[PDB]
Structures are given as C-alpha cells and as structure tokens.
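**Student:** Going line by line, the protein sequences match chains 1Z, 1S, 1G, 1m, 16, 1Q and 14.
Position 96, counted from 1, in the first sequence is what the deposited numbering calls 96; the numbers after and before it change by one each time, with no gaps.
Position 3, counted from 1, in the second sequence is what the deposited numbering calls 5; the numbers after and before it change by one each time, with no gaps.
Position 76, counted from 1, in the third sequence is what the deposited numbering calls 77; the numbers after and before it change by one each time, with no gaps.
Position 35, counted from 1, in the fourth sequence is what the deposited numbering calls 36; the numbers after and before it change by one each time, with no gaps.
Position 33, counted from 1, in the fifth sequence is what the deposited numbering calls 34; the numbers after and before it change by one each time, with no gaps.
Position 90, counted from 1, in the sixth sequence is what the deposited numbering calls 90; the numbers after and before it change by one each time, with no gaps.
Position 18, counted from 1, in the seventh sequence is what the deposited numbering calls 18; the numbers after and before it change by one each time, with no gaps.
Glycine is no exception: its CB is placed at the ideal position from the N, C-alpha and C atoms.
Structure in structure tokens, see below.
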Amino acid sequence: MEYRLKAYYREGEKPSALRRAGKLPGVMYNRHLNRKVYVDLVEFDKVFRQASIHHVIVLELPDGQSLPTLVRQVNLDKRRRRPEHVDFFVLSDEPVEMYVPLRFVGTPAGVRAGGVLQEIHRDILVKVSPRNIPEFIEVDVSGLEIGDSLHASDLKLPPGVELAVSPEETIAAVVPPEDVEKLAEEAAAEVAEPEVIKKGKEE
Amino acid sequence: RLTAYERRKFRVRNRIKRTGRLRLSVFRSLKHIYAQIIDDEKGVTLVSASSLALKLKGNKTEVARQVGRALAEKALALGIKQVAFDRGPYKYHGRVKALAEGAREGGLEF
Amino acid sequence: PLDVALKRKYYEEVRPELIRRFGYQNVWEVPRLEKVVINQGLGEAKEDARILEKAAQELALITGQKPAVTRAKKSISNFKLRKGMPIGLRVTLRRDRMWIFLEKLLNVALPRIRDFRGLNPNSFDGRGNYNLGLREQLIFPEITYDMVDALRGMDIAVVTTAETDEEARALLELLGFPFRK
Amino acid sequence: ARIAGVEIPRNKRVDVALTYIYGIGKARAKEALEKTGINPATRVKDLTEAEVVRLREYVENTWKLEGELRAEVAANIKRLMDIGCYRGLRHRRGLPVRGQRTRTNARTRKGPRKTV
Amino acid sequence: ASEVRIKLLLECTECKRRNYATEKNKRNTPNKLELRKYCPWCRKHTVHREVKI
Amino acid sequence: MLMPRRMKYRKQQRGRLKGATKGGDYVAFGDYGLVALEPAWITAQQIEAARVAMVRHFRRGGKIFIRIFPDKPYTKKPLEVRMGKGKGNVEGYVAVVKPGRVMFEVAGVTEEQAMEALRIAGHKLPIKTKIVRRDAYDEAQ
Amino acid sequence: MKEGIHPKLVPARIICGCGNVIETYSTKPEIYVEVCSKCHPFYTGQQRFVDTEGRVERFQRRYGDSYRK
RNA sequence: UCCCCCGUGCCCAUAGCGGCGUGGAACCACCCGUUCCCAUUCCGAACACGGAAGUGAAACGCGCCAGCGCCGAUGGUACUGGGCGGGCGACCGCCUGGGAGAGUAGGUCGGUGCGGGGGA
RNA sequence: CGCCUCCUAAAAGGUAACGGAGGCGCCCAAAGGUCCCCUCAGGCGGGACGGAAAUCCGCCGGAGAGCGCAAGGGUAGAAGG
RNA sequence: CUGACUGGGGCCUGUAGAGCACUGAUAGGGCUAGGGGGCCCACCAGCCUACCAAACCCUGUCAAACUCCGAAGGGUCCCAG
Ligand SMILES: NC(=[NH2+])NCCC[C@H](N)C(=O)O
Ligand SMILES: [Mg+2]
Ligand SMILES: [Mg+2]
Ligand SMILES: [Mg+2]
Ligand SMILES: [Mg+2]
Ligand SMILES: [Mg+2]
Ligand SMILES: [Mg+2]
Ligand SMILES: [Mg+2]
Ligand SMILES: [Mg+2]
Ligand SMILES: [Mg+2]
Ligand SMILES: [Mg+2]
Ligand SMILES: [Mg+2]
Ligand SMILES: [Mg+2]
Ligand SMILES: [Mg+2]
Ligand SMILES: [Mg+2]
Ligand SMILES: [Mg+2]
Ligand SMILES: [Mg+2]
Ligand SMILES: [Mg+2]
Ligand SMILES: [Mg+2]
Ligand SMILES: [Mg+2]
Ligand SMILES: [Mg+2]
Ligand SMILES: [Mg+2]
Ligand SMILES: [Mg+2]
Ligand SMILES: [Mg+2]
Ligand SMILES: [Mg+2]
Ligand SMILES: [Mg+2]
Ligand SMILES: [Mg+2]
Ligand SMILES: [Mg+2]
Ligand SMILES: [Mg+2]
Ligand SMILES: [Mg+2]
Ligand SMILES: [Mg+2]
Ligand SMILES: [Mg+2]
Ligand SMILES: [Mg+2]
Ligand SMILES: [Mg+2]
Ligand SMILES: [Mg+2]
Ligand SMILES: [Mg+2]
Ligand SMILES: [Mg+2]
Ligand SMILES: [Mg+2]
Ligand SMILES: [Mg+2]
Ligand SMILES: [Mg+2]
Ligand SMILES: [Mg+2]
Ligand SMILES: [Mg+2]
Ligand SMILES: [Mg+2]
Ligand SMILES: [Mg+2]
Ligand SMILES: [Mg+2]
Ligand SMILES: [Mg+2]
Ligand SMILES: [Mg+2]
Ligand SMILES: [Mg+2]
Ligand SMILES: [Mg+2]
Ligand SMILES: [Mg+2]
Ligand SMILES: [Mg+2]
Ligand SMILES: [Mg+2]
Ligand SMILES: [Mg+2]
Ligand SMILES: [Mg+2]
Ligand SMILES: [Mg+2]
Ligand SMILES: [Mg+2]
Ligand SMILES: [Mg+2]
Ligand SMILES: [Mg+2]
Ligand SMILES: [Mg+2]
Ligand SMILES: [Mg+2]
Ligand SMILES: [Mg+2]
Ligand SMILES: [Mg+2]
Ligand SMILES: [Mg+2]
Ligand SMILES: [Mg+2]
Ligand SMILES: [Mg+2]
Ligand SMILES: [Mg+2]
Ligand SMILES: [Mg+2]
Ligand SMILES: [Mg+2]
Ligand SMILES: [Mg+2]
Ligand SMILES: [Mg+2]
Ligand SMILES: [Mg+2]
Ligand SMILES: [Mg+2]
Ligand SMILES: [Mg+2]
Ligand SMILES: [Mg+2]
Ligand SMILES: [Mg+2]
Ligand SMILES: [Mg+2]
Ligand SMILES: [Mg+2]
Ligand SMILES: [Mg+2]
Ligand SMILES: [Mg+2]
Ligand SMILES: [Zn+2]
Ligand SMILES: [Zn+2]
Numbered sequence: 001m002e003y004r005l006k007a008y009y010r011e012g013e014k015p016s017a018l019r020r021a022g023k024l025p026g027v028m029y030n031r032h033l034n035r036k037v038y039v040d041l042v043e044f045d046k047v048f049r050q051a052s053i054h055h056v057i058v059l060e061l062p063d064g065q066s067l068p069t070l071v072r073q074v075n076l077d078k079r080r081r082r083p084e085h086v087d088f089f090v091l092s093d094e095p096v097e098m099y100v101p102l103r104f105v106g107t108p109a110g111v112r113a114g115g116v117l118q119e120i121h122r123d124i125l126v127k128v129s130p131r132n133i134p135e136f137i138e139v140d141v142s143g144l145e146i147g148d149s150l151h152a153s154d155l156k157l158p159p160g161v162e163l164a165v166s167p168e169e170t171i172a173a174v175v176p177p178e179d180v181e182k183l184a185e186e187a188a189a190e191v192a193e194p195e196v197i198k199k200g201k202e203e
Numbered sequence: 003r004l005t006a007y008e009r010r011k012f013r014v015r016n017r018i019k020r021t022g023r024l025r026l027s028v029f030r031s032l033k034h035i036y037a038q039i040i041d042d043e044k045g046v047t048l049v050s051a052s053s054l055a056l057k058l059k060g061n062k063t064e065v066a067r068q069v070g071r072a073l074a075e076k077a078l079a080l081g082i083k084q085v086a087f088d089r090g091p092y093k094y095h096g097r098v099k100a101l102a103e104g105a106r107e108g109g110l111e112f
Numbered sequence: 002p003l004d005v006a007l008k009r010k011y012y013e014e015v016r017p018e019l020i021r022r023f024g025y026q027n028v029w030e031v032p033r034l035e036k037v038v039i040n041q042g043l044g045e046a047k048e049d050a051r052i053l054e055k056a057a058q059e060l061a062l063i064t065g066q067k068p069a070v071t072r073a074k075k076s077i078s079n080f081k082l083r084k085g086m087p088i089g090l091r092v093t094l095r096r097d098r099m100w101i102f103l104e105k106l107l108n109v110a111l112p113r114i115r116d117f118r119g120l121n122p123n124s125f126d127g128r129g130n131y132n133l134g135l136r137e138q139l140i141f142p143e144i145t146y147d148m149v150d151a152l153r154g155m156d157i158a159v160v161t162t163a164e165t166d167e168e169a170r171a172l173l174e175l176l177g178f179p180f181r182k
Numbered sequence: 002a003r004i005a006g007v008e009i010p011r012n013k014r015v016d017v018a019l020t021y022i023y024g025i026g027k028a029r030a031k032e033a034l035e036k037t038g039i040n041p042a043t044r045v046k047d048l049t050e051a052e053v054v055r056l057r058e059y060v061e062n063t064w065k066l067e068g069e070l071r072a073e074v075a076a077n078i079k080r081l082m083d084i085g086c087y088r089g090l091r092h093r094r095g096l097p098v099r100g101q102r103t104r105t106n107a108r109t110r111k112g113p114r115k116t117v
Numbered sequence: 002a003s004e005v006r007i008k009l010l011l012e013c014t015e016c017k018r019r020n021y022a023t024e025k026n027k028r029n030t031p032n033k034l035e036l037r038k039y040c041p042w043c044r045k046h047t048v049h050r051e052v053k054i
Numbered sequence: 001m002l003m004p005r006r007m008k009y010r011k012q013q014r015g016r017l018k019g020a021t022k023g024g025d026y027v028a029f030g031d032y033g034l035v036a037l038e039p040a041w042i043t044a045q046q047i048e049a050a051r052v053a054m055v056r057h058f059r060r061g062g063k064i065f066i067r068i069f070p071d072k073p074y075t076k077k078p079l080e081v082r083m084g085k086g087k088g089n090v091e092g093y094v095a096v097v098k099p100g101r102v103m104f105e106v107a108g109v110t111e112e113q114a115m116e117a118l119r120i121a122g123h124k125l126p127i128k129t130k131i132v133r134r135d136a137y138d139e140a141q
Numbered sequence: 001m002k003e004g005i006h007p008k009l010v011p012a013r014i015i016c017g018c019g020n021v022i023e024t025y026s027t028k029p030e031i032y033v034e035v036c037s038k039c040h041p042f043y044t045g046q047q048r049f050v051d052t053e054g055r056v057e058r059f060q061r062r063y064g065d066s067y068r069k
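Okay, structure coming up:
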C-alpha cells in the first residue's frame, strides 16, 4: 500500500528533548535536498511496522509539501531496543536500489520430512522505478528437501525490476531439525583441549 | 607493477636529488636526445637543449656531443656552472656519455 | 639473418594462410614466434656428478647455443636438494637459431621419436603458447650413439605472439607441427 | 636408433644381431638377409651403408615390430580380459594361462614365493 | 668471539707495529688475514697481516 | 561444548563490562530471540544448558541459533594457595555479554513453542533476559 | 653472442635413408639419419607400415557356412 | 595566453583495475640491422650502437563507461576533558564543552607547475 | 637475579606485581665499502623422467616473500637477489 | 618576569569507542578440493549422501600482546595574560 506520515521541521532542538516529548528525530535527503526533520514516535511506529523500508511512505510536511520517501536507515538504541533516529530517502523519478519483500509460496518437501525452512533473505536488493515497486516477489520453495537451497539466480522477477545482488547469493535453505536423539551423542562427545599457537623458536 | 625501467629511473634520480645540485636530465629517444637543467626545489627548468630543437645532423653520438656543448654555452650565460648528471634510466655510455662529455667541454662542472 | 627454409616458409606460405583464416587488419597482429626456451631439469646431477657439462656440451651441439645453469630456489629434503645447487640447463633460442632448431626439430627429431604418433594437441598454454617434453637426446641429428653416455630429455617451450590457443594451433600446425588430434 | 629403432650390436654377425629386435628371431634373420642378398655372417660394423638401409627397408615394411607388436599383444590380452573369458581371467589374476598345474610351481607367472 | 672465532691483531708489514685488533673465523678463514690499512707510523696505507693476539 | 579450537594466547586479562552490547543487538536469523538485560561472563556450561533446554522442549523440530561464543579463557588458582606465584590455570571459557545482546534465536516452531523454550533457557543463565520477536526494525538493520 | 663458448653453426647436409636431403644449419656439416618427415609413416598419410587390417577379427574368419539353415 | 605531443615535477587512488574507442603529419614507440662502442651466469629479450622500409598490433598518450577498487557528507549515536548525581555491587544517569567508527545520500575513469617541439 | 622484543602502560616520555608471552651470552673475510644490474611469496594453465613442492614457459599477483637468529618497527622508488 | 595556570597557533600520539582490511578466534548457510559411509565395482572408472570438512563467499560476531579507522584529552615549541 501507500502509507502517509506527518513530518515536521527542526532546527536546533536537542534530540534528547524531542525524544523526551515522544518525537523521533530524523533526516530527509537525496542529491538535491537535506533537511532535519522529526516525526511522532507512536505515529511513526504504527506506520513503520507495516511499511518498513519496503513500501513507500509519503511525508506530509508543515509547508504543505508532500514527499514520497523510502525509509533508508533506522538507528536503534542498542540497550533499550528502540528507534532513536530515522533516515527518509526522498524518491526521484530515476530508478532506485531498494529491498522488495520475498514471499515464500508452498510448503517444502523437506519441511514435510521434519525439516525447517531457513528464510535467509526475507527481502532482496533491487533497482526499480519508484512508480514500479512490486508488493512482493513470490518464490516457490515446495521442491526443497533437507538440505536443498535457493539462490537469487532463481528469482522470477516482475517487469521493470533488476536484481542488485549477486545471483549466487543464498535466499532460502531447508535444514535438519533439532533432535533430542542427538543429545546423548553430543553429551558423551569428548572434545580435546584447545591448542595454543606455537610462538618463537617453535612454530 | 613498476617496470625495471621505472625502478632504474627512480633509483638513479633519488640519489641525484639527495645531493641538492641542479640536475642535468637527459632523455634519449630512438631518434633524438634532449637535456634540461632543473631546479627541483622550485620544480622549474632553467635551460634546455636538444637535437630536435637545434635540427641537428646524422650520427647520434656526435649529435649528442653537440647537444651538450649547446647546453653548456646557454647554461654559463645564466650563471650555471656546477650540476649533477642525471643518466636516469640509461647506462653512462654512448649517446648519453657523449652528451655529458659535450657538456663538460663547455665548462659545465661535474 | 640467414636464409633458412622454415623461416622462408613462415613468410611465404604461413602468414598468408593465417591472414586469410582470421582476417587480421594489421600486419603486426598476425601470430609469429617470439622464442623457444629449452630446459633440462637434470637434478640427477645435483650432488652425484655435477659434471652435467656433458649435457651442456650436448645442448650446445643441438642448438648452437651454450645453455645456462639453473640453481635450486629453496632447499628440499625429500629431493635431497640444497638451496643454490645446480639442477639443470635453460637455453633461450630466438631469431635464426630458433628457426634453425625448429627446422631440424620438425624434419628430423620428432620423426626419430620412439613409436611417434604426433604432438599432443591439448598441450597449449591457454594463451597461445605450446610445450612438449622429450624422453631422450639421441632424437636430435647431432647427438650420435657414440658420444652419448646417459638418457637425458628436455622441456621445450614454444612462445608465440598469438593471444589465443586457436590462433597458435593454426600457426604451429601450418609450420609443420604434426598433431595427432 | 638404427634398425629398427633398436641400436643392434656391432661386433656380431647380422643374423645374430637382428635377433636383438622385438619380433625377429633366428627364423626371420635368415629371411631378411636372403631377401636382400646380404652375407648373413657379416658383422654389423662391416655393413656397407647401402646394405644397411637395404636391410632396414625390408625389415620395417614386412613385419610388425617393437611398439606396434607390443601394443597388439597387449590389445589381445586386453580384449580377452574385457570379454571376460577364462583365459582373460587367468590374465586378470596373473595366474598361468595354458592349463598348467598351480598347486606347485607356476613361479614364472606368480613371482617369487610369498610367505604366510 | 669463541674458540673458532678468535680475536687477532693486524700488524703493519713494513714497520712491524700492531695497529688494529679484529676477529675472524679460523675454520672459515684458516689463512692469515692480509689487509690494507692505514699505518699511522708509516703515515700511508700498508699491507697488515694477522698476528696472534 | 563450545570453546576455541586454537588460540594465540592461553590467558586473557579480565577487562571491564561497561556499555551496551557492541553489536548483535537485532534479530538476524530466527523468529524469536533471547536478549541479555545485564552484563556477565556467560560460561560455556551455561550456554550448553540453555541450548539443551530448548532442544528438549522442542523434542523434534525447530532450529536454534547460538549467537554468542565463549572464547575468553577463565582462570582460577588451585585451591588453598596464597597470592603470587603466577596466574591461575584456565578452568573454563566464557562469552562476554552486555545489555542488548541477542544470545539465542529460534526458528521453525510455533510462537507458543518459542516463548516457552526461550523462557526455560533464560532460567539457566546468570542474568535477566527478554524475549523478542523479529521486527521491521530488525529487518532494516 | 659471447665469444669462444658457442659451437659454430655452419651450413649442413642431412641425408635421410629415403634419399631426402635437407639444406639446413648445424654444428656438423653432413649428417645421416634413418628417418625423416618425408618418409615417416605418421607423416606420409595413413601409410600403415604393415597392419592395414580393418577389423580384422572377429568375423573375417567365415570358415565357413557349412552349418545348416 | 588556446589545443596536441615529449621531458620533468607537485598533490598522493576522486589519480587504480576492467571494458570499449581513438592517435602516427609531428613526437614517442615498436621497428630495420648487429659492422663499430657496449652487452647476455644462455639469448641484441634486456643493456648498447648504427639506422629509417613498415606499424600504431604491443607499449604509451587521449576519450568514454561506475562492475570492482578509491573517496564520502548531513543527521543521529558511541566515547569523552571538565562539572554533578545514583547503585551493596557488576555497573547506570544529568549538565557543559569536544565528538567518532560503521552505515546512508552522494563523489570519482584525475588535477596542476615548469621547460621543449608542433598546430592555429 | 644482567641484556633484548611485545603486551600490561590509562594515544608524549616514564611506570609495578613470584602479571601475560618469547629471545640473547652469538655470528659474518662477506653477511663489510662502493659501483652497476635485477625483483618477491602465492594462484591458475602448459612441460620427459618429476612428485603438494626440484628446473622451464605464459598470465594474474604492492607486497602477504626476503632481510643469519626472538619480537617489534622498518623496507622493492630496497634494507631483498 | 622568565613561574604554576590560562588564550591562540602549529607539530607529535594509537588509548576510549569502533572495526574486521592484516594476525588469530568464530555460529550458521552457500559453494566446494580431501576424507567417512552407501549403490556399483577391480578391469579403472561411475553415481549417491540429513557425515566430518580445507579454501573461497554470504550473514553474524570476538581479541592486552589484531587494526582499514579513531576521538575526548595529553605532550611540546612560539606569541600573549
Ligand atoms: N565529557 C563527558 N560528559 N563525559 C561523560 C562520561 C560518561 C559518564 N559517566 C556518563 O555516562 O554520564
Ligand atoms: Mg514502542
Ligand atoms: Mg630463532
Ligand atoms: Mg611483421
Ligand atoms: Mg590445453
Ligand atoms: Mg602467446
Ligand atoms: Mg641422432
Ligand atoms: Mg628378438
Ligand atoms: Mg596341461
Ligand atoms: Mg590346472
Ligand atoms: Mg584484572
Ligand atoms: Mg563466572
Ligand atoms: Mg578469573
Ligand atoms: Mg598471581
Ligand atoms: Mg587466576
Ligand atoms: Mg567455567
Ligand atoms: Mg554482548
Ligand atoms: Mg534469570
Ligand atoms: Mg552491521
Ligand atoms: Mg663484445
Ligand atoms: Mg669484444
Ligand atoms: Mg607526459
Ligand atoms: Mg611545483
Ligand atoms: Mg568492464
Ligand atoms: Mg589504448
Ligand atoms: Mg610514423
Ligand atoms: Mg602513415
Ligand atoms: Mg661483433
Ligand atoms: Mg665499422
Ligand atoms: Mg635487437
Ligand atoms: Mg633498446
Ligand atoms: Mg631502417
Ligand atoms: Mg594500439
Ligand atoms: Mg588505431
Ligand atoms: Mg617506455
Ligand atoms: Mg560520469
Ligand atoms: Mg583519507
Ligand atoms: Mg563512512
Ligand atoms: Mg557527525
Ligand atoms: Mg567524568
Ligand atoms: Mg565501584
Ligand atoms: Mg556530552
Ligand atoms: Mg556539545
Ligand atoms: Mg572514535
Ligand atoms: Mg564518519
Ligand atoms: Mg576511477
Ligand atoms: Mg603530469
Ligand atoms: Mg605546456
Ligand atoms: Mg609550446
Ligand atoms: Mg609503555
Ligand atoms: Mg605503551
Ligand atoms: Mg606511552
Ligand atoms: Mg626523557
Ligand atoms: Mg620470582
Ligand atoms: Mg630464558
Ligand atoms: Mg660478494
Ligand atoms: Mg610463480
Ligand atoms: Mg603447474
Ligand atoms: Mg609428469
Ligand atoms: Mg611442477
Ligand atoms: Mg616480511
Ligand atoms: Mg610576565
Ligand atoms: Mg618557560
Ligand atoms: Mg596554553
Ligand atoms: Mg575496546
Ligand atoms: Mg578478522
Ligand atoms: Mg563486513
Ligand atoms: Mg574489548
Ligand atoms: Mg573489540
Ligand atoms: Mg594493547
Ligand atoms: Mg585496541
Ligand atoms: Mg569501505
Ligand atoms: Mg576514514
Ligand atoms: Mg590533539
Ligand atoms: Mg599517556
Ligand atoms: Mg595541549
Ligand atoms: Mg605540564
Ligand atoms: Mg598545543
Ligand atoms: Mg608573558
Ligand atoms: Zn707501519
Ligand atoms: Zn626420409
């Protein structure tokens, strides 16, 4: 979909003051503009948990302007697991690199056999027109056993969208599951002591 | 990847420029020979001479020698006397050597 | 530059067929021979009798050129090898002696090889050069059974200006190199 | 590598020398020197060069020798070992081939005795 | 210095005075060192020869 | 259980434990994570008890990701000796863990399965913990 | 070339057994060889020195058809 | 003073790798030779000399391209001089001044000094 | 138990513990002076005996080789050959 | 009048933090020599692996004796209080 988010301008307000008033600080940029912004945290969080660098967010500004952006970067407070700053990338008419959600259709035969589908990439990096952004990219994984894998070279891309990663990059795999029957093997598995790399006259 | 040519040139010339004298640089093409006296502190050439610019005759070795005399005569009229010879990538031999001998005959001190 | 039949065959016959087979637009683009490097990795003379001068007297008769000593890079215990030890001969043939050697090589030497069935078509550099080894040195017309003492072969590198294996296959085959496949 | 690729001994008679070739025995030595009219008692050191290539020519063109003979004998042992017949099995194991007893002897085919 | 790497003196062969002390490896260099050196008595260069220290 | 196969040095100084975790603060592999809420040296024994507790709750199925590794040698002098006479002997290995670090992630399993396995695992560790689920914030990292 | 180290190359005859003679260069002015490219069976087409055999076995027997049909 | 080339410096990859294209009148190179100077642990490959039929194929120079490499903000954060608080501790905060690294936007297929030859 | 190298050492210098790791008590007549020349390890392909690795050839390869010996600094525009 | 301390200016530095380009460590996946095992075989090859796994790549990390980076400060000289 196409989400909307009120944004506001900030000059010399201190980020800790804005964040204490419930406002997430941010920035807007492309080759033409660079402006210090802030959004409302609860408002931004409602949108971002859905939009999430994948779908377009339109920023309604206080001067009346509206600008179509991709979230380019989210900085998290490593202690509290909270966003502390956003980068809004203002889209132009030229193509753009971006991540399109991968969507894994079907149940693998390995998963039926007891396995686990490891979704290695959940989106994929890609150049596409900002008027061409597909909602997702379907991938058939129903023929993967334990342990087969899928790569970006197996992506059936919609029209207008070019792969921006190496075709040899792994996107999914189906791996063996955890098994209690292996525990007693691993428990009674003696692992020898670490070797210390020879130093000096002995090497 | 430097060539043996570029290594030879750098090696010869670093040693020359360490002594702080004006260098007599010499470029030897298949056809012609050239000379500049260079102040490396200013990065500036003070006096030149070459077969191409004097439209000189046939035998490359005697041509080289005459180029040296020519360089000397113009050098002394500017006050230049002492100098350091910059064989660059060439052996001190033949055409280069002749140009050096020709410079010395003209009173360049080296 | 001497008049040698192989060199003349290169210019008169070989070059025209190469220009026609590949359509070169510059005369310097047509494949030619750069050098022929002969190597004896003797090593059976390391310490024993470093009187490989026997072999140097041989290669000098074969090529008209005095080969030069190869010395061991590092020391190798299993090969019984001390760094710096003399372990063979390399002689680099260019211009008329290169032609003069290759001339006798194709006419006389290769035919005298035991159970000869043609040069190995797959021995090409991947960049347009070729290599072949020899099992003996009596193969050559100058080295007679009388003068010989031991059976010493060699490596032969044939370096061309061709950028690809196909152009080099063309040039060598045209000069008279007998390939089996 | 005179004839034929084997540098046959000088000092010895021609019939005797040519036996030092894979494929030429006492029988074919008589055949080569008659068919080229060479005294069979002449030492190899005394063959006129005309005689040599005369002797060389007939020998190499008439009979399979050295490598071609050896490749052929091998090719026959190979095909016997591929078509899986009984003689082929005996060549597969290195055992004798012409029906001999193996409880004892057969040391030529088996090699020197292996202890137990 | 050791048993095989000995100390030694260099003696000016013209005036016989010992002008330099040095060392060598008498296994590697069993012959007596002959070297040109300045002799300050003769006030010129001179063949000096190894002499026991 | 986990420990380096080789090392350049047998014994490490103790260092400090200040600050939030350096990296590894977002869910990178599985669907749910167990986040450290306070610093500690987590022992190789503790990680293995945490891993076994999750394997046993899953019985058969699922995938566990262990995102910390005990590479720091832990040293203790022999009992009843005095101070001095050199550094103690290596008795074990620990992983340094600071607040915000995602220690374990699980995948291939229901939400109720993951919540409960990460809870039992957390009871084996010498620190308070949080259970998290992969977010858009995790994906944008 | 350096002096006094290289064997001098002079014009040379090479006489093969097949009468072929090559005008080349060598350290020896006249050499006799037993074979050359002009007569070697690999060179001179499919000159099968002897075994122009074909199959040869395992059917050119045909001794005979006397068994019935 | 403008454009091309040859020397020779400076900045120190925004200057590099790769791909493609282009240049021989001039210059440069390959080139033609190995008598002469000089030269090869063998080799005129190199070094060197004497040349001038050819070719810009190689090299070099000059363009174009952002796949790699190189450079890289703004914003925010870590950390912190100095000043204060809190916690039994491991450790955690506030003020004031300073402020990265990673990453994002983006930049880059160089710029410039001196002399020499040619051109307009 | 003297001496050298690194760390501890809190970005000048210095800095302790029966703190963490290694080395020295030699050597070289060239392994020294100077002049001239040369450039590595490694990867791939090719080559008789010949091999993971001997010697040869081609392409890639800025320094990961080398520098008598510990470690560190330095270093091919050489301190290496 | 040169001092502690302070202003400005230059130069020196490798810590905090961070990073992974070097030296090592490292979980998983991919790719993939070599082993384990399984069909098939001895006639020398061939296929298969939910096995261990080098190199390489991706994702994600660790380091007093790691550093492609790198502060705050500190040191020192000049002029001024
Ligand atoms: N220059 C400074 N403000 N330094 C503050 C040091 C950190 C301090 N202990 C804090 O977390 O608050
Ligand atoms: Mg919230
Ligand atoms: Mg040592
Ligand atoms: Mg030509
Ligand atoms: Mg090939
Ligand atoms: Mg080639
Ligand atoms: Mg012969
Ligand atoms: Mg016989
Ligand atoms: Mg019987
Ligand atoms: Mg029987
Ligand atoms: Mg401590
Ligand atoms: Mg503990
Ligand atoms: Mg402890
Ligand atoms: Mg202690
Ligand atoms: Mg202890
Ligand atoms: Mg422990
Ligand atoms: Mg942590
Ligand atoms: Mg707990
Ligand atoms: Mg990251
Ligand atoms: Mg000479
Ligand atoms: Mg001479
Ligand atoms: Mg230029
Ligand atoms: Mg300048
Ligand atoms: Mg390209
Ligand atoms: Mg070009
Ligand atoms: Mg021209
Ligand atoms: Mg023209
Ligand atoms: Mg001469
Ligand atoms: Mg003359
Ligand atoms: Mg030449
Ligand atoms: Mg030249
Ligand atoms: Mg000419
Ligand atoms: Mg060109
Ligand atoms: Mg062109
Ligand atoms: Mg050049
Ligand atoms: Mg552009
Ligand atoms: Mg920089
Ligand atoms: Mg950056
Ligand atoms: Mg900033
Ligand atoms: Mg403080
Ligand atoms: Mg405290
Ligand atoms: Mg602050
Ligand atoms: Mg501030
Ligand atoms: Mg910093
Ligand atoms: Mg930055
Ligand atoms: Mg560029
Ligand atoms: Mg310039
Ligand atoms: Mg100019
Ligand atoms: Mg001009
Ligand atoms: Mg210190
Ligand atoms: Mg220190
Ligand atoms: Mg210090
Ligand atoms: Mg002091
Ligand atoms: Mg003590
Ligand atoms: Mg000791
Ligand atoms: Mg010496
Ligand atoms: Mg190599
Ligand atoms: Mg190889
Ligand atoms: Mg082999
Ligand atoms: Mg090899
Ligand atoms: Mg080194
Ligand atoms: Mg005062
Ligand atoms: Mg004072
Ligand atoms: Mg001050
Ligand atoms: Mg740190
Ligand atoms: Mg690393
Ligand atoms: Mg990285
Ligand atoms: Mg740390
Ligand atoms: Mg760290
Ligand atoms: Mg440290
Ligand atoms: Mg550090
Ligand atoms: Mg970078
Ligand atoms: Mg930087
Ligand atoms: Mg500072
Ligand atoms: Mg300090
Ligand atoms: Mg200061
Ligand atoms: Mg002070
Ligand atoms: Mg200051
Ligand atoms: Mg004052
Ligand atoms: Zn005296
Ligand atoms: Zn013939």
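Taking 8 Å as the cut-off, does the CB of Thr21 (chain 1Q) come closer than this to any heavy atom belonging to ligand 17?
**Tutor:** Yes, the Cβ of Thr21 (chain 1Q) comes within 8 Å of a heavy atom of ligand 17.
**Student:** Could you pull out every residue in the same chain whose Cβ sits closer than 6 Å to the Cβ of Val38 (chain 1G), ignoring the five residues on either side in sequence?
**Tutor:** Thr93, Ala158
**Student:** Taking the alpha carbon of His92 (chain 1m) as the reference point, which residue from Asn77 (chain 1m), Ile22 (chain 1m), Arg14 (chain 1m), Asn106 (chain 1m) has its own alpha carbon closest?
**Tutor:** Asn77 (chain 1m)
**Student:** Could you check if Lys198 (chain 1Z) belongs to the surroundings of ligand 3, using beta carbon to heavy atom distance under 8 Å?
**Tutor:** no
**Student:** When you check each C-beta in the region 17 to 33 of chain 14 against every C-beta of chain 1G, which residues fall closer than 8 Å?
**Tutor:** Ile22, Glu23, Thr24, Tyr25, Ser26, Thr27, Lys28, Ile31, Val33
**Student:** For a cutoff of 9 Å on Cβ pairs, would you count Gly24 (chain 1m) as touching chain 1G?
**Tutor:** no
**Student:** Would you please verify whether the beta carbon of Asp150 (chain 1G) is less than 9 Å from any beta carbon of chain 1m?
**Tutor:** no
**Student:** Strictly under 9 Å for the Cβ-Cβ distance: is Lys2 (chain 14) near chain 1G by that measure?
**Tutor:** The beta carbon of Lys2 (chain 14) sits closer than 9 Å to some beta carbon of chain 1G.
**Student:** Three-state secondary structure (DSSP) at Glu105 (chain 1Q)?
**Tutor:** strand
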